[PDB]
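So the chains spell out like this:
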There are 2 protein chains.
Amino acid sequence: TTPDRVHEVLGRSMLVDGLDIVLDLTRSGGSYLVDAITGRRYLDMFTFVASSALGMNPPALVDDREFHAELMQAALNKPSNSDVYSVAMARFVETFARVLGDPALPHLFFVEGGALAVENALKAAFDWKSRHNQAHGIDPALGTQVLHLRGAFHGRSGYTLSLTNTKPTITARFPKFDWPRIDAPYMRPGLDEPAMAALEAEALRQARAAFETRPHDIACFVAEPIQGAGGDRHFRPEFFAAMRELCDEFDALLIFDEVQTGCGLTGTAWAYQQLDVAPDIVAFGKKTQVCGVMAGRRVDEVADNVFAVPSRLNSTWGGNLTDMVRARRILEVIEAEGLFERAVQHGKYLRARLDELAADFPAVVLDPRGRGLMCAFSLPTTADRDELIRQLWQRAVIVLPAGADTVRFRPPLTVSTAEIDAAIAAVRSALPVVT
Amino acid sequence: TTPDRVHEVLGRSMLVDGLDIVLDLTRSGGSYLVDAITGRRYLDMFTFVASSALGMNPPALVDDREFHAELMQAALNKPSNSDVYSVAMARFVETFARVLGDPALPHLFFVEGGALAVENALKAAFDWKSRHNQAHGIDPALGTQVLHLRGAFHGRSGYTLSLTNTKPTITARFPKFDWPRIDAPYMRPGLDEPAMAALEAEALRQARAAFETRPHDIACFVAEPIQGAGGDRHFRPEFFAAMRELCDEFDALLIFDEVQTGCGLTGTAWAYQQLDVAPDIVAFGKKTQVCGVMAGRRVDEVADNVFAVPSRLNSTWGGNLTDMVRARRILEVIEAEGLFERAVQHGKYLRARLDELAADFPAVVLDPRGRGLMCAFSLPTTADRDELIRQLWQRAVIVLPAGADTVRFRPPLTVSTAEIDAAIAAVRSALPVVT
Ligand SMILES: *Cc1c(COP(=O)(O)O)cnc(C)c1O
Ligand SMILES: *Cc1c(COP(=O)(O)O)cnc(C)c1O
Ligand SMILES: O=C(O)CCC(=O)C(=O)O
Ligand SMILES: O=C(O)CCC(=O)C(=O)O
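Regarding how it was determined, this PDB entry cites X-ray crystallography in its header, along with a resolution of 2.70 Å.

This part covers the overall build of chain A. What chain A contains, in helices and strands, is 14 helices and 16 strands. Over its C-alpha atoms chain A spans a radius of gyration of 22 Å, differing by no more than 12% from the 22 Å that the globule rule assigns to 435 residues. With the C-alpha coordinates of chain A rotated into their principal frame, the extents come out at 65 × 55 × 45 Å. A separation of at least 24 residues holds for 70% of the contacts in chain A among residues at least 6 apart in sequence.

This part covers the interface of chain A and chain B. At the junction of the two partners, chain A supplies 101 residues and chain B supplies 101 residues. Interface area lost by chain A to chain B is led by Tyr 85, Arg 156 and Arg 173 of chain A, which between them contribute 10%. Where chain A touches chain B, the interface holds two salt bridges. The closest approach of N and O atoms between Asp 323 of chain A and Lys 78 of chain B, which form a salt bridge, is 2.9 Å. On inspection of chain A and its partner chain B, the count reaches 40 residue pairs in polar contact. Of the residues forming the side of chain A that touches chain B, the biggest block, eight residues, is contributed by helix α6 (residues 114–134) of chain A.

Before going further, it helps to spend a moment on the site of ligand 4. Looking at ligand 4, the residues that line it are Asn 314 and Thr 316 of chain A together with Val 49, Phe 153, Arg 156, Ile 170, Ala 229, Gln 260, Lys 286 and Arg 408 of chain B. Site remark: ligand 4 is flanked by residues from chains A and B. Residue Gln 260 of chain B places a side-chain N or O atom 3.1 Å away from an oxygen atom belonging to ligand 4. In the complex, the protein chains occlude 84% of the 290 Å² of accessible area that ligand 4 would expose alone. Looking at side-chain class alone, the shell around ligand 4 contains four nonpolar, three polar and three charged residues.

Turning our attention to the relation of the copies chain A and chain B. Structural alignment of chain A on chain B gives an RMSD of 0.0 Å, achieved by rotating through 180° and translating 0.0 Å along the axis. Such a turn and shift between the copies fits a two-fold axis. Among all residues of chain A, the one whose C-alpha sits closest to the rotation axis is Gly 158 of chain A, at a distance of 1.8 Å. Most of the interface of chain A is mirrored in chain B: 100% of its interface residues are interface residues there too.

In summary, soluble globular proteins display a tendency toward joint burial of nonpolar side chains. Judged by nonpolar contacts, the single largest core of 228 residues is most densely connected at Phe 96 and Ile 334 of chain A together with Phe 96 and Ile 334 of chain B. Residues within four places of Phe 96 of chain A in sequence aside, it is in contact with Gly 101, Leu 108, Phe 110, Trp 270, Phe 284, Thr 288, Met 294 and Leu 331 of chain A. Ranked by size, the runner-up nonpolar core spans 68 residues in total, among them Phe 109 and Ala 295 of chain A together with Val 118 and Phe 174 of chain B.

A separate point is the sheet that holds strand β2 (residues 41–44) of chain B. Residues and elements named next belong to chain B. Ordered by their spatial adjacency, three strands build an open sheet running β1-β2-β14, and the pairing between neighbours is mixed. This sheet does not close on itself; its edge strands, each paired only once, are β1 (32–34) and β14 (397–398). In this structure, β1 lies alongside β2, joined through three bridges in antiparallel fashion. When the bridges of β2 are listed, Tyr 32 appears paired with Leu 43.

Lining the immediate surroundings of ligand 3 are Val 49, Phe 153, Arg 156, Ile 170, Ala 229, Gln 260, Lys 286 and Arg 408 of chain A together with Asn 314 and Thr 316 of chain B. The local environment of ligand 3 is shared, drawing residues from chains A and B. At 3.3 Å, a side-chain N or O of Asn 314 of chain B approaches an oxygen atom of ligand 3. When isolated, ligand 3 has an accessible area of 300 Å², and the protein chains bury 83% of it. Considered class by class, the residues forming the shell around ligand 3 number four nonpolar, three polar and three charged.

What follows deals with helix α8 (residues 193–213) of chain B. Residue and element names in this part refer to chain B. With 21 residues, α8 should cover 30 Å at 1.5 Å per step; its first-to-last C-alpha distance of 30 Å lies within 8% of that length. Regarding α8, the residues found buried are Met 196, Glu 200, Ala 203, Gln 206, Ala 207, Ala 210 and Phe 211. Looking straight down α8, one finds its buried side chains confined to an arc of 140°; they lie on one side. In α8, the exposed positions angled more than 90 degrees off the buried face are occupied by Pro 194 and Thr 213. Residues of α8 that are buried in the fold lie against β4 (145–149), β5 (181–182), β6 (218–223) and α9 (237–249).

Criteria and thresholds
Residues numbered from 1 in each chain as written, not as in the entry; some residues may be left out. Chains lettered and ligands numbered in written order. Heavy atoms only, no water. Residues with missing side-chain atoms left out of burial classes, pairs and counts. Helix = DSSP H or I, 4+ residues; strand = E, 2+ residues; numbered from the N terminus. Rg over C-alpha atoms; globule rule 2.2 N^0.38 Å. Contact = heavy atoms within 4.5 Å. Buried area = accessible area lost by both parts, 1.4 Å probe. Salt bridge = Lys/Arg side-chain N within 4 Å of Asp/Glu carboxyl O. Polar contact = N/O pair within 3.5 Å; in protein donor to acceptor, adjacent residues only side chain to side chain. Near = heavy atom within 4 Å. Areas by Shrake-Rupley, 256 points an atom, 1.4 Å probe, with all protein chains shown as cover. Nonpolar A, V, L, I, M, F, W, Y, C, P; charged D, E, K, R; others polar. Least-squares fit on C-alpha atoms. Core = buried A, V, L, I, M, F, W, Y, C linked by side-chain atoms within 4.5 Å. Buried < 20%, exposed > 50% of the residue type's maximum accessible area, 1.4 Å probe, protein only. Pairing = 2+ DSSP bridges. Expected span 1.5 Å × (residues − 1). Arc of directions from axis to C-beta.

In structure tokens form, the structure reads like this:
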């Protein structure tokens, strides 16, 4: 079949509500997607929903002849990495620990899928809490609840469906656990030190209340260090530090969902390294191709936890070998070419450009925020927001909406300053058309 | 790193309880895995836990130069197929419908992971039931329960953790929904027409009881057409036909979990095609590389179900493009070379060989059963079973245990009769050593 017929063929079998183009797999490159139908090039600030670290067809992977052989060798088959090991797998794991590892979290576990990575993090926490309870003469049936935030997005699976609360179409009509949910004390425009502290104290009040009223039953607290789909909602390090302390007071683990924030986007390997808070478990995915968890800190206090006992966690494949080989090579490019620092430099620049926009359009471009390359701004009404996205589309710039009123930028770690300019230029163009 | 160091390197980051070999990705072929450490060749009746349809490095994929280009092109990147379409994706989907499609189930949906495929099937059923309830003046909060069997294995995720009940280490200490579970009236040795019917009626009694006592609240019934991990437990078509009728009487969908049984292993595309029972939804995975669901029959009776409304079901990637391209080529080999029929022919043969074993070792080789290439037998004690597996390992034959006392065969659809003989010969060898 032919590019112009892709939508017709798919449309026979599935709901076909994605983008209006057909990806040219060979001709897309860097920060540009190519439409196989028209040949048109689209500036990509979307990156497969922030899941691509280097953009399409990065030269270091495309030109590497030894890599082509390794990738091919891994792609022809799909071994069950859970029980059948290989050199290809071992190199991925050791380069993961070197480039993304945290010496406090030596336990690695791999799975296909972001939601199922968060889920294995929760499963780790449920087991930990039950056994810790048991070892302290508390009933081991206790320890089955997850403290989480409003506007959190953690996945669309059995357990994450009880955590995710953004658009109601994601969770409506699906069975949930009744788990304690608390307000998200994220930063807003026009709120100074005291007003922020007051707002956090209110979330902390709610957190402690939950801990006290379901005694020994809350296994952990999960959070995105910056809420993504919820609307690029950022939190002061102060908030998580209080949360960390409070999790310890009540013998709960703190888990961070870094599936969106992870792997360099914020300017460090993980966002948490900038908030100066130590998690017990971290869930990762998207940019890392394979998903999974890093665990340690208090997890090791329970000698027979889920990473020490066979068959507590498992999936058939244990992650996709091809993903593992690609991610390995991706991680080597990130390290060899200092892409974390490039994300800080270029994130300072994108942020600055959005400050200029906010100044030039004060009533329209609201709350320019960002950490590293992870930036957004808001519009007054959701109708404005949707119009700005359509306008950018017509000008061949792909961005992502979030929430009621947010436009988000998810550029590749390799975005150039010229490319950022091209995106901002397109926004300047579209703005008078929306007002 | 080097093959002899794979276990050491992995062992720093993860629990390392899999097989004792390092897979040679290039030199393994057909029904044989090669140990990269020793060069030893292992007869493979395990197939990455039944997830490989053609064995390692099948000649039709290895020699195909045009395919190498397509696979490479797909493997260099990991697009989000959920919103970015491609020719590569469209060919996979159309060849899936042609080779594995059922005209009653036109709705296809793809996801990475077996558990999450079953989960999307359940999510479809929960939505369907709530909205059907609503349209008939029943409360839409009702419809949140899943009827399922003892010894069922459906995955290790949020929802499937409430369904899976095999070894307690899979589910212990993880939060569950209280869902109605019923006995599995599978065939055993020495039970004729009447004794079987009596046993089914008892399961049916339990099924109806559950339906009547949680009115309008059971969204669906899930089953494996042949229970795999539970111990290759087979059911008479009569049982599912009564279940089908009973699901309709109470307005519940019948979902089949064909993740293990699927894609040719039983001699047809799906096992259900042999039981002459029509499911409303089918969950597939393993051999298909991409996982997902086929849906139709009563699902279409609810106009605004999960396949007609945007954003009810989703994952970031919508399945792995590389898996999709490989599976496409796999499906073409299955079709072009009549591998379904080859599975019937060679499954009749393996089955026959196990009948001979049962005769020669009547007190030891218990209950030789099988459908297509999906066969097993049992041993008297679990200690015998584990010893036979160790003995086969020493003789370089890989098989899979199941349950308390079962050895299962999961050969590639391409297994030769000589290879079956080699497996049986190894079993004959090991048996006197175990007694
Ligand atoms: C997307 C994401 C996930 C879910 O990932 P999937 O691969 O779609 O299952 C979980 N948490 C966050 C913060 C994410 O952005
Ligand atoms: C293995 C399998 C699944 C679970 O598949 P995963 O890929 O490991 O999540 C579900 N149901 C059955 C019958 C299976 O055999
Ligand atoms: O299901 C969705 O809303 C997409 C979720 C997601 O990954 C995101 O947009 O951040
Ligand atoms: O977790 C397990 O027991 C493996 C599950 C499985 O896929 C099987 O063995 O059939």
